[PDB]
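In case you want the letters, here they are:
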Number of protein chains: 2
Amino acid sequence: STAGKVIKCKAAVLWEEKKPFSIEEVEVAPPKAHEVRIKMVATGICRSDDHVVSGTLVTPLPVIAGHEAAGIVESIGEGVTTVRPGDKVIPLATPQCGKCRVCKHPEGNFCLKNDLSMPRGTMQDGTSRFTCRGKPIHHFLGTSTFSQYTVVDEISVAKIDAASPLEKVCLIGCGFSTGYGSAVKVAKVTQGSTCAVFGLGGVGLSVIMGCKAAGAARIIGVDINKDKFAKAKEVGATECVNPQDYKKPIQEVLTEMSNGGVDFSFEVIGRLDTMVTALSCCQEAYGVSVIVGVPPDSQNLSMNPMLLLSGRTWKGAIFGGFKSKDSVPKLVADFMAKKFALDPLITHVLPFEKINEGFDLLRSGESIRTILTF
Amino acid sequence: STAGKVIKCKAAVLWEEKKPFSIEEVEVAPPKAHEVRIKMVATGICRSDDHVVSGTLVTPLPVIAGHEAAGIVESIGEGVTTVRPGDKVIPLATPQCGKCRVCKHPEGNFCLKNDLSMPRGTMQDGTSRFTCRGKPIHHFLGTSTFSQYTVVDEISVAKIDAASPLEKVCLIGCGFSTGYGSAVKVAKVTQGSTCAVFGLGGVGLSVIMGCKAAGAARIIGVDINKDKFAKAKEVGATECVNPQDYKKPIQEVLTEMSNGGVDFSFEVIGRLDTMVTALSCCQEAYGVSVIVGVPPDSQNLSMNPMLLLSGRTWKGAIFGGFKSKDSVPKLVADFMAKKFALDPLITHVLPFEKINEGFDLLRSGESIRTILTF
Ligand SMILES: NC(=O)c1ccc[n+]([C@@H]2O[C@H](COP(=O)([O-])OP(=O)(O)OC[C@H]3O[C@@H](n4cnc5c(N)ncnc54)[C@H](O)[C@@H]3O)[C@@H](O)[C@H]2O)c1
Ligand SMILES: NC(=O)c1ccc[n+]([C@@H]2O[C@H](COP(=O)([O-])OP(=O)(O)OC[C@H]3O[C@@H](n4cnc5c(N)ncnc54)[C@H](O)[C@@H]3O)[C@@H](O)[C@H]2O)c1
Ligand SMILES: OCc1c(F)c(F)c(F)c(F)c1F
Ligand SMILES: OCc1c(F)c(F)c(F)c(F)c1F
Ligand SMILES: [Zn+2]
Ligand SMILES: [Zn+2]
Ligand SMILES: [Zn+2]
Ligand SMILES: [Zn+2]
C-alpha cells in the first residue's frame, strides 16, 4: 500500500517570507514511533498562517504552513494508541501531552511541548519528515496541513466522529474554538452583560457566537472594515462601530455607549494599540479584557498601570483556553448535535491548488474563512 | 458643647511637596448634611501618605493628608443615619455610596465617588472644611486624618465595635485590609500554591498573611532591604530573596525556584519595572499577578503582550477588593475574635506631634507601621 513507504505528494511550500506559496511535489517520510501520517481532506486559511508569510510570526523557513485542518489517518507508527488508520482526525496546533505541569493544571492549556514559544519547526524528536527538491522542509506548530499528507506527533492529533463533515469541522482546529472559548471559558461572559469585540474576522465572529451563547445582552462589534458588520450582526452583534467614523478615540465612545465601560472586551486583531484600547474600554473597577490577536514579533506595548490598579483584569489565551485533545472531539460532537453553527464562518471553498488565491481573499478583506479541499 | 461650632485644633498641614509637615492650628467647620465630624484617636503612616509628600501621588496642595485611622464621632450633620456621636469609627479612603454601578456589582469596590481618579481634595460637595492661617486647606481621599478633628462624608465612614482598640484597628483602614484582601479576595490564592510577594512593608506583610491564611505552600518574599526578611518569615514567608544578590534578573531566578513560574505574584512596591517582573515570574499558562503598589503619577510601563497571550492573568485592586463600608466592621469583628494579628505590623508608636519623626522612620527603611496617637 503506502504504509511504511515514503509518499510523494503535492504540498504548498513557503521558501521565503513575503512570497506566494509554491505548489510542488514533496516526499513525506513514514511515521516513526508515536507519530501519525494523515491524508488531508480540508484546511482553513487562518490569519496566523498569513503572519508566517508576512513575518509578523517568526518560524524557521522553508516551511509547510497550515494548522486548521481535518483529514484521515493513513498510517501510525509504533506505540500509537489514540488513533488508527481510517480515523477522521484534527491536528492540534497546541498539543496536549497530558504529563506536564500545565496539562495537569485544571485551567492550563498551553502545553509545554508546544512549538510556539521557541519555534524549532520540527517533530518532537527534532527532525523533519518533509523533503523537497533534495532539501529538508520545516514543520509549523507540529501540524503542517498545507500538504496532501502530513506527519504529526500523537500528542498533536485528536480522533473525531467518523460521520463528521471534514470540510466544516476543520475550523474547530483553530479559529472557531479560539473565539468561542475566549468568550465562554477565558472571559467567562455573564448573562445580561455588555461585551465589545475588536475585529470581526473568523475568530472575532466566533467570540460573538460565544458571547451570545453565554447570554450577553449587548455585543458591540468593532472593525475598520464595515463590510464585516452584516455577518457580525447575523451571529449576534447588537451594534457595530467603525473607529474611523468618530472624532474621539473609540475607548471613549465605547465607555459612553456602555454608561461607564463594558463588562468584557476582546482584542481579536493583533495590534498593540487595540490591545490597550480594548483594556481601557472595560469598566475600571470590574471589567475584564482578553487578548486573542497575535501582534508582531518582539514589539512591546505601553500602558498606564492605573488601568489595572482600579480593578480591571487583563488576560490572554491560546486556543480559547481549551485543553486541545480533550476538547476537540467534544466540540465536534457538539457541532454534530447542532449546539453551534460553522457555516457563517465559511465564505469560500476552493481546491487546494488555489491556496494563493485564498490568501489574496483574506488580505483583501473579502473572506472570513476559505476552506481548501484536497 | 462643640456641636454646631467651629473647632480650633492642631493638624499636620503640608504646604508644599518634599517638605516636613507643619503642626499648627487649623479651624474645622461643623458637619453639613450627611457629614460626620470625628475626634481622631490614632492614625498610621502609610507609604501612600509619603507619596503625597514626594509627588508620586498627585493631589491638590496645601493639604491635610492621612487616611489610615480610627476615632470617635464628635457630631453628625443633618440626615446622618449610620453613625452617632460617641461611636468609634474608621474613615474610608475608598467610599461606599451603595448606589453607583460599582457598589451594586458583586465584585466591584472602587466606588465612583472616590477622590483618587480625578483628585479634587474636597468634601463630596466640592468645598473644604479646613482653614489654616485664614486659607482653605485641601482634604485627602475624603479622610484627612492628620488632624485632631476631621470632617468626612457619611459614605466615607464605618461604625465599628465599641470595644475595639483604636490604636490597633486603624490599620484595617488601609494597609492590613489591602494586603490581606489582595491575596484572599483579588488573587484568590489556593491551597498548596506558590506565591511571590514583591515588597515587604506593611502592605506586603499583610499579603503574606493572606497567602498563609489561604494555605499557600510556598511564599517567597522579595525585597532589596534584607532587614525586612525576619518579619516576613515570622508572618509566613518560607524563603526571602534580595534581587541585588543575583547576576540574573529576578524573574528568571523565581521561575527557576518555582520549577517554571509561580502560581500567584504580587507587586507591593509601586515601581513600573517590578510590575513587569512580577507578571513575568508567574507561570505563563495559568499564573496570576496582582498589582497593589501605586505607580508614579502619569508614567506608563512597557511590556510584551505575549506574556498575556500564553495564558497569564494580570489585575490590580484598591483596598484589597473589599467594599469598604460593608467590610471594615466585619474585619474589626474578626480582629476582636483573633482571626488575624495586627501587632506584627506595628513597629513604632509616637505622639501625633512627632509625625515628622514617624515619616523619617518610614523613609530610612526602619519602620513598618508607626502609629501616631492624638
Ligand atoms: N490566540 C489564539 O489562539 C489565536 C488563534 C487564531 C488566530 N489568532 C489571531 O487572532 C487574530 C484574528 O484572526 P482572524 O483569523 O480572525 O483574522 P482576520 O484577518 O480574518 O480578522 C481581523 C479583523 O480585524 C480587523 N481590523 C484590522 N485592523 C483593525 C483596526 N485597527 N481596528 C479594528 N479592526 C481592525 C480586520 O478588518 C478584520 O476583519 C490574528 O492576529 C490571528 O493571528 C489567535
Ligand atoms: N492598592 C491600594 O489600595 C494600596 C493601599 C496601600 C498602599 N498602597 C501602595 O502599596 C505600596 C506599599 O506600601 P507600604 O506602605 O507597604 O510601603 P513600604 O514602603 O513600607 O514597603 C515597600 C517595600 O518595597 C521595598 N522595595 C523598594 N524598592 C524595591 C525594589 N526595587 N525591589 C524590591 N523591593 C523593593 C522596600 O524596601 C519596602 O520594604 C506603596 O506603593 C503604597 O502606596 C496601595
Ligand atoms: O513568540 C511567539 C509567541 C506567540 F505568537 C504567542 F501567541 C505566544 F503566546 C508566545 F508565548 C509566543 F512566544
Ligand atoms: O478655592 C478653591 C479651593 C477649594 F475649593 C478648596 F476646597 C481648597 F481646599 C482650596 F485650597 C481651594 F483653593
Ligand atoms: Zn503538556
Ligand atoms: Zn489559527
Ligand atoms: Zn458607589
Ligand atoms: Zn494607605
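Conventions used here
- Residues numbered from 1 in each chain as written, not as in the entry; some residues may be left out.
- Chains lettered and ligands numbered in written order.
- Heavy atoms only, no water.
- UniProt positions renumbered as here; feature names shortened; annotations may be inferred.
- Helix = DSSP H or I, 4+ residues; strand = E, 2+ residues; numbered from the N terminus.
- Rg over C-alpha atoms; globule rule 2.2 N^0.38 Å.
- Buried < 20%, exposed > 50% of the residue type's maximum accessible area, 1.4 Å probe, protein only.
- Contact = heavy atoms within 4.5 Å.
- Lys, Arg positive; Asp, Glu negative; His and termini not counted.
- Charge placed at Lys NZ, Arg CZ, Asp CG, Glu CD.
- Core = buried A, V, L, I, M, F, W, Y, C linked by side-chain atoms within 4.5 Å.
- Axes fitted to C-alpha atoms, helices over the stretch in contact; angles between N-to-C directions.
- Parallel < 35°, antiparallel > 145°, perpendicular 65-115°, else oblique.
- Left-handed = near helix turned anticlockwise from the far one by under 90°.
- Nonpolar A, V, L, I, M, F, W, Y, C, P; charged D, E, K, R; others polar.
- Domains from an automatic or database assignment.
- Buried area = accessible area lost by both parts, 1.4 Å probe.
- Salt bridge = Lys/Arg side-chain N within 4 Å of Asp/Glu carboxyl O.
- Donors = N, O, S within 2.8 Å, 3.2 Å for Na, K, Ca; no water.
- Tetrahedral: all angles 85-135°; square planar, octahedral: opposite > 155°, others 65-115°.
- Polar contact = N/O pair within 3.5 Å; in protein donor to acceptor, adjacent residues only side chain to side chain.
- Expected span 1.5 Å × (residues − 1).
- Near = heavy atom within 4 Å.
- Areas by Shrake-Rupley, 256 points an atom, 1.4 Å probe, with all protein chains shown as cover.

Method of determination, as annotated in the archive: X-ray crystallography, at 1.20 Å resolution.

Chain A has the name Alcohol Dehydrogenase E chain in the PDB entry, where Equus caballus is given as its organism. The UniProt entry for chain A carries this comment under Subunit: "Dimer of identical or non-identical chains of two types (E and S) coded by 2 separate genes at different loci." Entered under Sequence similarities in the UniProt record, the comment concerning chain A runs "Belongs to the zinc-containing alcohol dehydrogenase family. Class-I subfamily."

This part is about the overall build of chain A. The number of helices and strands found in chain A is 11 helices and 18 strands. Rg of the C-alpha trace for chain A: 20 Å, near the compact-globule value of 21 Å for 374 residues, within the 12% margin. Each principal axis of the C-alpha distribution contributes one length, and for chain A these read about 65 × 40 × 35 Å. Taking all 374 residues of chain A together, 61% fall into the buried category. Here the contacts in chain A between residues at least 6 apart in sequence split such that 70% fall between residues at least 24 apart. A gap of 4 Å separates the mean positions of the 42 positive and 38 negative side-chain charges of chain A.

If you look at the biggest cluster of nonpolar residues, it comprises 213 residues, and the most contacted ones within it are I172(A), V189(A), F266(A), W314(A), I172(B), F266(B) and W314(B). If sequence neighbours within four positions are ignored, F266(A) has contacts with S182(A), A183(A), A187(A), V189(A), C195(A), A196(A), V197(A), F198(A), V207(A), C211(A) and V290(A). Counting residues in each nonpolar core, the second largest holds 13 residues, with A196(B), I220(B), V222(B) and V253(B) among its members.

This brings us to the packing of helix α4 (residues 175-187) of chain B against helix α5 (residues 202-213) of chain B. Residue and element names in this part refer to chain B. Two numbers describe how α4 lies on α5: the axes approach to 7 Å, and their chain directions differ by 40°. One element, α4, and the other, α5, form an angle in the oblique class. Remark: the crossing between α4 and α5 carries right-handed chirality. Packed against α4, whose contacting residues are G175, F176, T178, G179, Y180, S182, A183 and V184, the element α5 presents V203, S206, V207, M209, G210, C211 and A213 at the interface. Each residue belonging to the contact of α4 with α5 can be placed in one class, and the counts come to nine nonpolar, six polar and no charged.

Further remarks concern the domain arrangement of chain A. Residue and element names in this part refer to chain A. Taken domain by domain, chain A comprises domain 1 (1-178 + 318-374) and domain 2 (179-317). One C-alpha centre belongs to domain 1, the other to domain 2; they are set 28 Å apart. With 23 residues of domain 1 in contact, the opposing surface of domain 2 contributes 23 residues. Taken together, the two surfaces of domain 1 and domain 2 that pack against each other cover about 1800 Å², and 62% of this comes from carbon and sulfur. Viewed at the interface, domain 2 and domain 1 are joined by zero salt bridges.

Attention now goes to the coordination of the zinc ion (ligand 5). All names here are of chain A. Of the protein atoms, only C97 (SG), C100 (SG), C103 (SG) and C111 (SG) coordinate the zinc ion (ligand 5), at distances of 2.3 to 2.4 Å. Considering all four donor atoms around the zinc ion (ligand 5), the spread of angles at the metal, 102 to 118°, places the coordination shape in the tetrahedral class. Counting the intervening residues between successive donors of the zinc ion (ligand 5) yields the motif C-x2-C-x2-C-x7-C. Looking at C97, the relative accessible area reads 16%, which means it is buried. Relative accessible area serves as the criterion here: at 12%, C103 is assigned to the buried category.

Quick look at the interface of chain A and chain B now. Counting from both sides, the interface comprises 41 residues of chain A and, opposite them, 43 residues of chain B. Here chain A meets chain B over a buried area of about 3300 Å², counting both sides, of which 60% is carbon and sulfur. Where chain A meets chain B, there are zero salt bridges. Counting across the interface, chain A meets chain B through 20 residue pairs in polar contact. With four residues, strand β16 (residues 313-316) of chain A is the single largest residue contributor to the side of chain A that touches chain B. Residues belonging to the side of chain A that touches chain B are distributed by class as follows: 20 nonpolar, 17 polar and four charged.

This part is about the UniProt feature "binding site: Zn(2+) 2" in chain A. All names here are of chain A. In this numbering, the UniProt entry assigns the feature "binding site: Zn(2+) 2" to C97, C100, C103 and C111. Here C97 is to be found in the loop between β5 (88-91) and α2 (101-104). Residue contacts for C97: discarding those within four places in its chain leaves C103, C111, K113 and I155. Tracing the chain through its elements places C103 in helix α2. Setting aside residues up to four positions removed in sequence, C103 forms contacts with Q96, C97, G98, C111 and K323.

Below, the discussion takes up helix α5 (residues 202-213) of chain A. All names here are of chain A. Taking 1.5 Å per residue as the helical rise, α5 with its 12 residues ought to reach 16 Å, and the 17 Å between its terminal C-alpha atoms agrees with that figure. The inward-facing, buried residues of α5 contact α4 (175-187), β10 (194-198), β11 (218-222), α6 (229-235), β13 (264-267) and β18 (369-373). Looking one or two residues past α5, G215 carries a phi angle of roughly 85°, positive in sign.

A word on the pattern of salt bridges. All names here are of chain A. Enumeration according to the criterion identifies 26 salt bridges over all chains in this entry. As a salt-bridge pair, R129 and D125 come within 3.0 Å of each other at their nearest N and O atoms. By relative accessible area, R129 is classed as buried at 4%. With a relative accessible area of 40%, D125 lands in the partly exposed category. Each member of the salt-bridge network shares a partner with another, and the members are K32, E35, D125 and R129.

Further remarks concern the site of ligand 2. All names here are of chain B. Surveying the vicinity of ligand 2 reveals 27 residues, the closest of which are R47, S48, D223, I269 and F319. One of the backbone N or O atoms of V294 is found 3.2 Å from an oxygen atom in ligand 2. Interatomic distance of 2.9 Å between a backbone N/O atom of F319 and an oxygen atom of ligand 2. If ligand 2 stood free it would expose 860 Å²; the protein chains cover 89% of that surface.

Residues and elements named next belong to chain A. With numbering aligned to this structure, UniProt lists the feature "binding site: Zn(2+) 1" at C46, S48, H67 and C174. Sequence-wise these annotated residues cover 129 residues; spatially they are packed, their C-alpha atoms never more than 9.8 Å apart. With respect to the element layout, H67 can be found in the loop between α1 (47-54) and β4 (68-76). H67 gets classed as buried once you look at its relative accessible area, which sits at 2%. Ignoring anything within four residues of it in the chain, the contact list for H67 reads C46, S48, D49, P91, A93, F140, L141, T143, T145, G173 and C174. A distance of 2.8 Å separates a polar atom in the side chain of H67 from a polar atom in the side chain of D49. Along the chain, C174 falls in the loop between α3 (166-169) and α4. Residue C174 is classed as buried on the basis of its relative accessible area of 14%. In contact with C174, not counting residues within four places along its chain, are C46, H67, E68 and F319.

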